[PDB]
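Chemist: Sending over a structure as structure tokens; questions will come in a sec.
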Amino acid sequence: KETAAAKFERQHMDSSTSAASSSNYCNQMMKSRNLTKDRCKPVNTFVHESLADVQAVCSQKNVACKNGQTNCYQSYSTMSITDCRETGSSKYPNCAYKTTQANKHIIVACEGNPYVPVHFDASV
């Protein structure tokens with residue numbers, strides 16, 4: 001069975017590239033980890049940084065999560081990210097997404113032992 005931290009890495013890490021490679025990056029990447037196996041996730045963000053740099057955020061600025069919980073953390077500085085937002089013309093199995101590359105702070109929810117990221121909360 002997939003652990004929370006594993007699902008996190010699967011859904012949000014893309015250390016192999018520095019930025020979105022084309023305006024079609026989201027379309028390609030959301031197909032790739034069986035990520036759209038059942039549905040077209042409304043919003044999904046990819047972090048173009050080492051896992052070490054992202055797991056490090058759980059020891060940075062403690063913030064409230066958008067849902068009210070207080071196990072969230074904001075990165076000290078900015079990170080290379082790509083925001084994937086589902087668009088109009090989506091027709092499962094052909095999910096359609098807008099690719100948005102930006103240099104931003106990330107907010108993640110952390111848990112466990114080791115204390116790691118398990119959900120992507122926001123990019124600010």
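In the structure tokens, the first chain shown is A, the next is B, and so on; residue numbers restart at 1 for each chain, and ligands run from 1 in the order shown.
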Contacts of region 65-81 of chain A at 9 Å or less, counting only C-alpha atoms, minus same-chain residues fewer than 2 places along, as a VMD selection string?

Modeler: chain A and resid 14 18 to 20 45 to 49 54 56 to 63 83 100 to 111 117 121 to 124

Chemist: Kindly give the distance, in Å, that separates CA of residue 39 (chain A) and CA of residue 7 (chain A), rounded to a single decimal.

Modeler: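 Spanning CA of residue 39 (chain A) to CA of residue 7 (chain A) is a straight-line distance of 15.8 Å.
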
Chemist: Using only C-alpha atoms, find the one residue out of A:11, A:3, A:113, A:90 that sits nearest to residue 33 (chain A).

Modeler: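 Smallest separation from residue 33 (chain A) among the options: A:11.
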
Chemist: Using DSSP on the backbone, list every residue of region 41-95 of chain A that comes out as strand (DSSP E or B), and give them as a PyMOL selection string.

Modeler: chain A and resi 43-47+61-63+72-74+79-86+91+94

Chemist: Could the residues in this selection be written to a file with N, CA, C and O atoms, as a PDB file, in the first residue's frame?

Modeler:
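Result written to selection_33.pdb:
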```pdb
ATOM      1  N   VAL A  43      -6.410  20.648  -9.417  1.00  0.00           N
ATOM      2  CA  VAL A  43      -5.138  21.389  -9.275  1.00  0.00           C
ATOM      3  C   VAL A  43      -4.026  20.484  -8.784  1.00  0.00           C
ATOM      4  O   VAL A  43      -4.291  19.711  -7.840  1.00  0.00           O
ATOM      5  N   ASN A  44      -2.853  20.565  -9.382  1.00  0.00           N
ATOM      6  CA  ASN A  44      -1.691  19.769  -8.958  1.00  0.00           C
ATOM      7  C   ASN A  44      -0.405  20.571  -9.285  1.00  0.00           C
ATOM      8  O   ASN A  44      -0.260  21.004 -10.429  1.00  0.00           O
ATOM      9  N   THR A  45       0.429  20.644  -8.269  1.00  0.00           N
ATOM     10  CA  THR A  45       1.707  21.335  -8.355  1.00  0.00           C
ATOM     11  C   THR A  45       2.922  20.425  -8.276  1.00  0.00           C
ATOM     12  O   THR A  45       2.983  19.527  -7.404  1.00  0.00           O
ATOM     13  N   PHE A  46       3.866  20.701  -9.138  1.00  0.00           N
ATOM     14  CA  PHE A  46       5.145  19.999  -9.257  1.00  0.00           C
ATOM     15  C   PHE A  46       6.260  20.973  -8.780  1.00  0.00           C
ATOM     16  O   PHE A  46       6.314  22.133  -9.216  1.00  0.00           O
ATOM     17  N   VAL A  47       7.114  20.424  -7.959  1.00  0.00           N
ATOM     18  CA  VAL A  47       8.281  21.110  -7.372  1.00  0.00           C
ATOM     19  C   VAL A  47       9.578  20.593  -8.002  1.00  0.00           C
ATOM     20  O   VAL A  47       9.996  19.434  -7.968  1.00  0.00           O
ATOM     21  N   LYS A  61       9.173  27.646   8.473  1.00  0.00           N
ATOM     22  CA  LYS A  61       8.141  28.499   9.107  1.00  0.00           C
ATOM     23  C   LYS A  61       6.806  27.854   9.365  1.00  0.00           C
ATOM     24  O   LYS A  61       6.068  27.576   8.370  1.00  0.00           O
ATOM     25  N   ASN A  62       6.478  27.593  10.633  1.00  0.00           N
ATOM     26  CA  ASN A  62       5.154  26.951  10.890  1.00  0.00           C
ATOM     27  C   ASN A  62       4.027  27.930  10.565  1.00  0.00           C
ATOM     28  O   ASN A  62       4.046  29.081  11.041  1.00  0.00           O
ATOM     29  N   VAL A  63       3.057  27.503   9.754  1.00  0.00           N
ATOM     30  CA  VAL A  63       1.891  28.316   9.354  1.00  0.00           C
ATOM     31  C   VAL A  63       0.598  27.485   9.485  1.00  0.00           C
ATOM     32  O   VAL A  63       0.672  26.264   9.629  1.00  0.00           O
ATOM     33  N   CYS A  72       1.202  22.935   9.085  1.00  0.00           N
ATOM     34  CA  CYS A  72       1.740  23.366   7.773  1.00  0.00           C
ATOM     35  C   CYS A  72       2.990  24.240   8.041  1.00  0.00           C
ATOM     36  O   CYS A  72       3.191  24.789   9.120  1.00  0.00           O
ATOM     37  N   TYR A  73       3.778  24.291   6.989  1.00  0.00           N
ATOM     38  CA  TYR A  73       5.071  24.960   6.905  1.00  0.00           C
ATOM     39  C   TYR A  73       5.259  25.670   5.577  1.00  0.00           C
ATOM     40  O   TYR A  73       4.978  25.135   4.498  1.00  0.00           O
ATOM     41  N   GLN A  74       5.791  26.882   5.682  1.00  0.00           N
ATOM     42  CA  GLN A  74       6.125  27.717   4.531  1.00  0.00           C
ATOM     43  C   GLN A  74       7.649  27.746   4.343  1.00  0.00           C
ATOM     44  O   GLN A  74       8.358  27.898   5.345  1.00  0.00           O
ATOM     45  N   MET A  79      10.983  28.641  -4.471  1.00  0.00           N
ATOM     46  CA  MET A  79      11.312  27.396  -5.187  1.00  0.00           C
ATOM     47  C   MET A  79      10.788  27.422  -6.617  1.00  0.00           C
ATOM     48  O   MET A  79       9.814  28.152  -6.827  1.00  0.00           O
ATOM     49  N   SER A  80      11.386  26.658  -7.506  1.00  0.00           N
ATOM     50  CA  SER A  80      10.927  26.549  -8.901  1.00  0.00           C
ATOM     51  C   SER A  80       9.704  25.620  -8.837  1.00  0.00           C
ATOM     52  O   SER A  80       9.902  24.482  -8.361  1.00  0.00           O
ATOM     53  N   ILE A  81       8.546  26.043  -9.247  1.00  0.00           N
ATOM     54  CA  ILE A  81       7.329  25.201  -9.211  1.00  0.00           C
ATOM     55  C   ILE A  81       6.562  25.317 -10.531  1.00  0.00           C
ATOM     56  O   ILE A  81       6.773  26.246 -11.328  1.00  0.00           O
ATOM     57  N   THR A  82       5.660  24.365 -10.727  1.00  0.00           N
ATOM     58  CA  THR A  82       4.820  24.401 -11.920  1.00  0.00           C
ATOM     59  C   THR A  82       3.426  24.043 -11.396  1.00  0.00           C
ATOM     60  O   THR A  82       3.246  22.952 -10.845  1.00  0.00           O
ATOM     61  N   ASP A  83       2.538  24.972 -11.571  1.00  0.00           N
ATOM     62  CA  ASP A  83       1.113  24.894 -11.186  1.00  0.00           C
ATOM     63  C   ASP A  83       0.331  24.264 -12.328  1.00  0.00           C
ATOM     64  O   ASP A  83       0.401  24.781 -13.466  1.00  0.00           O
ATOM     65  N   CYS A  84      -0.413  23.191 -12.100  1.00  0.00           N
ATOM     66  CA  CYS A  84      -1.217  22.494 -13.114  1.00  0.00           C
ATOM     67  C   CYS A  84      -2.676  22.671 -12.735  1.00  0.00           C
ATOM     68  O   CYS A  84      -3.070  22.182 -11.689  1.00  0.00           O
ATOM     69  N   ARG A  85      -3.351  23.434 -13.602  1.00  0.00           N
ATOM     70  CA  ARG A  85      -4.775  23.697 -13.370  1.00  0.00           C
ATOM     71  C   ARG A  85      -5.682  23.157 -14.480  1.00  0.00           C
ATOM     72  O   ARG A  85      -5.568  23.560 -15.643  1.00  0.00           O
ATOM     73  N   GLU A  86      -6.602  22.275 -14.093  1.00  0.00           N
ATOM     74  CA  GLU A  86      -7.498  21.697 -15.099  1.00  0.00           C
ATOM     75  C   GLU A  86      -8.337  22.780 -15.801  1.00  0.00           C
ATOM     76  O   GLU A  86      -8.864  23.704 -15.170  1.00  0.00           O
ATOM     77  N   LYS A  91     -11.565  15.750 -21.165  1.00  0.00           N
ATOM     78  CA  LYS A  91     -12.525  14.683 -21.483  1.00  0.00           C
ATOM     79  C   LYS A  91     -11.795  13.396 -21.062  1.00  0.00           C
ATOM     80  O   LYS A  91     -10.969  12.984 -21.900  1.00  0.00           O
ATOM     81  N   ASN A  94      -8.463  12.025 -21.375  1.00  0.00           N
ATOM     82  CA  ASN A  94      -7.621  13.122 -21.857  1.00  0.00           C
ATOM     83  C   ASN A  94      -7.820  14.413 -21.049  1.00  0.00           C
ATOM     84  O   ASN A  94      -8.462  15.371 -21.497  1.00  0.00           O
TER      85      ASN A  94
END
```

Chemist: Can you tell me how far CA of residue 29 (chain A) sits from CA of residue 12 (chain A), in Å to one decimal?

Modeler: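 Atom-to-atom, CA of residue 29 (chain A) and CA of residue 12 (chain A) are spaced 10.1 Å apart.
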
Chemist: Could you jot down the CA of residue 24 (chain A) to CA of residue 119 (chain A) separation for me, Å, one decimal place?

Modeler: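 Atom-to-atom, CA of residue 24 (chain A) to CA of residue 119 (chain A), that is 24.2 Å.
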